Amino acid sequence: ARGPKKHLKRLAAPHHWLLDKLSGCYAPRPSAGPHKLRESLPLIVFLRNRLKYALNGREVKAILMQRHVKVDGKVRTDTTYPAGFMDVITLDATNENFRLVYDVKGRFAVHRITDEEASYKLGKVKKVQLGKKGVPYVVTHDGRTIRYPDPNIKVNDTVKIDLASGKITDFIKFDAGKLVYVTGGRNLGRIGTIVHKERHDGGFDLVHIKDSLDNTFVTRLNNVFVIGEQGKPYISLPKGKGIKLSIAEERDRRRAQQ
Amino acid sequence: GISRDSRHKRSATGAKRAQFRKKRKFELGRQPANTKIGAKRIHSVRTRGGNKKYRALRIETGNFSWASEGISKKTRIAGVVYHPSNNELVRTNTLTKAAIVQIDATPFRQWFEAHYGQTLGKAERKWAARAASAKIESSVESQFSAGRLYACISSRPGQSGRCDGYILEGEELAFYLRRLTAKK
Amino acid sequence: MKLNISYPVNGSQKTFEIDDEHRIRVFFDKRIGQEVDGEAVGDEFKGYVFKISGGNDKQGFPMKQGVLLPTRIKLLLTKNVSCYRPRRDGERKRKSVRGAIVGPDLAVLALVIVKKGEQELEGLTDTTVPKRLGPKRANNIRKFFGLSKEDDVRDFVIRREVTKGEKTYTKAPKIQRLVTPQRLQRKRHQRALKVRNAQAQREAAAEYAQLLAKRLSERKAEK
Amino acid sequence: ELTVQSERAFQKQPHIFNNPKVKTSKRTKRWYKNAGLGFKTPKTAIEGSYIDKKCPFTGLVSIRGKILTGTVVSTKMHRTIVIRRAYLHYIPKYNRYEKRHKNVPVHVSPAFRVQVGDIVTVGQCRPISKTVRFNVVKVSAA
RNA sequence: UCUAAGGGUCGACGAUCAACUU
RNA sequence: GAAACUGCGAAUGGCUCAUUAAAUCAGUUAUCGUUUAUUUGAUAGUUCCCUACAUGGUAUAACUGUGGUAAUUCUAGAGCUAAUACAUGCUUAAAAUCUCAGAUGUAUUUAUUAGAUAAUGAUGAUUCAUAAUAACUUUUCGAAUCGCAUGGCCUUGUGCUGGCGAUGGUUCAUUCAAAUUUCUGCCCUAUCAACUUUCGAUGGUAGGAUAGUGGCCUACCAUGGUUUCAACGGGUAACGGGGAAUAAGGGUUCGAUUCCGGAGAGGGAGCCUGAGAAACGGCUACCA
Ligand SMILES: [Mg+2]
Ligand SMILES: [Mg+2]
Ligand SMILES: [Mg+2]
Ligand SMILES: [Mg+2]
Ligand SMILES: [Mg+2]
Ligand SMILES: [Mg+2]
Ligand SMILES: [Mg+2]
Ligand SMILES: [Mg+2]
Ligand SMILES: [Mg+2]
Ligand SMILES: [Mg+2]
Ligand SMILES: [Mg+2]
Ligand SMILES: [Mg+2]
Ligand SMILES: [Mg+2]
């Protein structure tokens, strides 16, 4: 339609932002950036709707323009910067670090982490390719390219990114028995261990995940994120650890506070 | 202007498609370069994405590869002797991909004499190292007597501004010689 | 008919009212830059050679440099031409401009005095206007004031005293392309950045080559 | 293929150079590929003399989309066939189906021999003509 | 000023010969 | 801090539903068929046949001054002056390998080579990534840019170094996109049964053109392609869908209209700028 759009109408925004229906006609359209549009979380949404630190976009911009907020070690004074999965949002004033992880409901949960863990981040290897001059590189889920990766690092692996030098300290390989985060689809936000991987050459790789409750669910390879080994995640999991309780037991737990 | 859309160009059932969507810029075509020979004239075309194409009009010289020894000398194009798509391109000497042209062959002769020292067209032991595997072909070597080598244009002059190509050899040269002595 | 006559040397311009056809026929049939003589046009001018450069006709349409017509025509005008200012990037407009050939249509001609023949005009040499602004670029000031390259032009830039509240503070231009320690520091920083990046890439490549050799040797030792 | 060099232009695989200086063995160096998805490269494609830049094994096309099956109903075009794809369309109101068909023009390589009938498997390729978007990959001549 | 198609004879090709119509 | 030059934006938004019936659209595919400003990440020691302690006006706007026309966001002549505008042009290693001292960065174009493997990366798959060889180029890039802090060494000099940034920039990747695209699915009508094909209709070869695939166009060639499983034609007071009303169940009717997709800016056509428009609060022409 003659060019790229710049507005995001309300009721067209991603549902996991949990934006009010009647606050306005428009939602914050995420700027171009690391992760995505629908799979992202703008800094304005994170600061005004999740933390309630700001009351409107004007206060969000006032907070940003004094270099307080910081995404993956960089200031990111952009109001609609597309913060996404595994991104570390550190506030130096009121020093606290958040890791953008999905709760089991598929929303970006408010997840406090320590400084020693905000030092790094995890990135799913989107591709492995030889660059110019024959220099191999890996492309991660958040748009990072890291030169000279370990030759055993393949697609669907996970790499730990130093986030200060932007280098790979360690890497987890995709195979059965590894802890995985689900980053899309129906099972978004669930955590389990890889059981099996169906190939379907030419189609879409499928992977079966078994959570701690022995519940098994299938999902595409595009939305599984290796986050460590069974019972030992490389990142701190959110409050619920992605267990996917049914509505009945959720109501039981809610009523368990009498 | 020229349009590459399929909204015209009636469907496979033969039905005439009703018109919507007045011509779009992202489906435009442009005029052929119709490259000629001599007095190099390259016009830049601003293409989609801010990129640049080069309409070569009146090309004089091109880079032609022997491809049997890997030489790729720059040489003058004499004229067009054959074109598989249109005899009018041969008649008008239109430079175009896959056109069979004649090239000066002087740079290739000079390289051959400086490489093998083997009287092609009529520090020391490099020529001796270049052993009895120095005969090229009885049909390529005979063209050096007239000083004109048959070559095929491999670049697209209207797209890239260059008239590069390769010297015909083997079965390709035999095929094009058959066509040339049949139609001439 | 009016004559917008200008003397570029030291600056001057004034408008004459030449209402006599007998004394104005000399400008006819001459397009641009011809040897129209002051003694040929009027008695006030003696020995003046006019550079006949432009004009406006009745209805105010300007003359275009190379139309070569006695009348006015509509031209599709572009960015870098006369008689049109594009209000938008890439905009072109079809505007009616008048030809270059001078004729009875013109309401005002514009003349440039290129040669001085006889007694001065009352708006030619007695009145002169100074150059409003001095040079800004450092080498431009050096060329204007005639000094050499290594002469440290930082002091005698043309200044101006503004007397508004009896403070009379000088106003000198910020001169550009100055050789400054800040600029030298920027250049040094750029060279250092390039060399540091090259060294970092070289050592990363060396470490990766070491890694590859280690893995290959391990594989061949594992058979 | 019956004087393969039957066009005005010399027919050859691009960038597959038969060096006349070397006295090689086969003397007709031929490029072929495994099309993928378990489709076997036919021996005709392996050892033939046709060029067919649109062949899924010896040409410049790739099979990357939908894999369809059809019944050949026309072999009257040059290196192109029409396959009839019969299917049942569900009409919910009557809880029943109706027979429907769609004709798909498919490019057929000289590696395959195809006649009317001859249920074939076709794979999606890039547009290679106005109407053709599929290439025969398995002949299954029955 | 050209281009293309349409033949005879003789030994999937070669040699030779030939007239017009598009 | 006016004005103006420069940069970016003005291609978003908003409006409307006229066209449009395999078209749009919906779900589902593909790009191993392409372009992509911007964002984010990475990325550039190679530039020469007497400036770099930094080049030019080949430049001018704003401004000064003189005007024309009744009238326009019309502008003319003359006199100045800047750049992250325009046009130029150096400094930054060592080593190795080829050629017979020169060359080897990157971008472009061509050709050739490697890209392996049951007993030297990736993909289901490639002529992929990438590298190499020989050349090629109306030379692409390889900062002559800006702010703030001022530091270390020291021959104490216009000394040599040096921080945090901003902007600009080649390529790759990413993101926002775009363009095509697979499969299936549209209401009534036979008082529409044949339709398309000279003037492209279906396919092949080659070329041109495109950002790229493709009869998209051209040349030559073949005679194909759709259809009673409704083609083609005609009608729509038809933009499609999410949905709305009514609804035991099944259905029937509606959906211009708060979201998504498309299309258009009186009707047409053409085009400049730009990453992106066949733009209309942009231009050009014709019609009214
Ligand atoms: Mg809009
Ligand atoms: Mg390649
Ligand atoms: Mg083609
Ligand atoms: Mg409707
Ligand atoms: Mg309507
Ligand atoms: Mg509607
Ligand atoms: Mg209506
Ligand atoms: Mg709408
Ligand atoms: Mg429009
Ligand atoms: Mg109206
Ligand atoms: Mg328009
Ligand atoms: Mg309006
Ligand atoms: Mg508008």
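Following Swiss-Prot, chain A shows residues 2-259, kept in their order.
Heads up, the Cβ atoms here are built off N, Cα and C, so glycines get one too.
Features reported for this protein in Swiss-Prot:
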| type | residues | note |
| --- | --- | --- |
| MOD_RES | A:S32 | phosphoserine |
| DOMAIN | A:42-105 | domain 'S4 RNA-binding' |
| CROSSLNK | A:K62 | ubiquitin cross-link |
| MOD_RES | A:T115 | phosphothreonine |
| CROSSLNK | A:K134 | ubiquitin cross-link |
| CROSSLNK | A:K161 | ubiquitin cross-link |
| CROSSLNK | A:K168 | ubiquitin cross-link |
| CROSSLNK | A:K174 | ubiquitin cross-link |
| CROSSLNK | A:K179 | ubiquitin cross-link |
| CROSSLNK | A:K211 | ubiquitin cross-link |
| CROSSLNK | A:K233 | ubiquitin cross-link |
| MOD_RES | A:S247 | phosphoserine |
For A:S32 (phosphoserine), the number of other Cβ atoms found within 10 Å of its own Cβ: 15
Top Cα neighbour of A:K134 (ubiquitin cross-link) in the set of recorded positions A:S32, A:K233, A:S247: A:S32
Residue pair A:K211 (ubiquitin cross-link), A:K174 (ubiquitin cross-link) - Cα distance, angstrom, rounded: 18
Which recorded positions sit within 10 Å of A:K168 (ubiquitin cross-link) - Cα, from A:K62, A:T115, A:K161, A:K174, A:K179, A:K233: A:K161
Secondary structure tally of the domain 'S4 RNA-binding' (A:42-105) (DSSP, helix then strand then coil): 17 helix, 18 strand, 29 coil
Inter-residue Cα distance where the pair is A:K233 (ubiquitin cross-link) and A:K179 (ubiquitin cross-link), in Å: 9
Structural state of A:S247 (phosphoserine), classified by DSSP into three states: coil
Inter-residue C-alpha distance, A:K62 (ubiquitin cross-link) and A:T115 (phosphothreonine) (nearest angstrom): 26
Other CB atoms within 10 A, centred on A:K134 (ubiquitin cross-link): 7
Using Cα positions only, nearest of the recorded positions to A:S32 (phosphoserine) (A:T115, A:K161, A:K174): A:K161
In three-state DSSP terms, the structure that A:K134 (ubiquitin cross-link) belongs to: helix
Alpha-carbon distance [A:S247 (phosphoserine); A:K161 (ubiquitin cross-link)] in Å: 33
Spatial neighbour of A:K174 (ubiquitin cross-link) that is closest, considering only the recorded positions A:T115, A:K233, A:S247 and their CA atoms: A:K233
Among A:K161, A:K174, A:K211 [recorded sites], residue with fewest other Cβ within 10 Å: A:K174
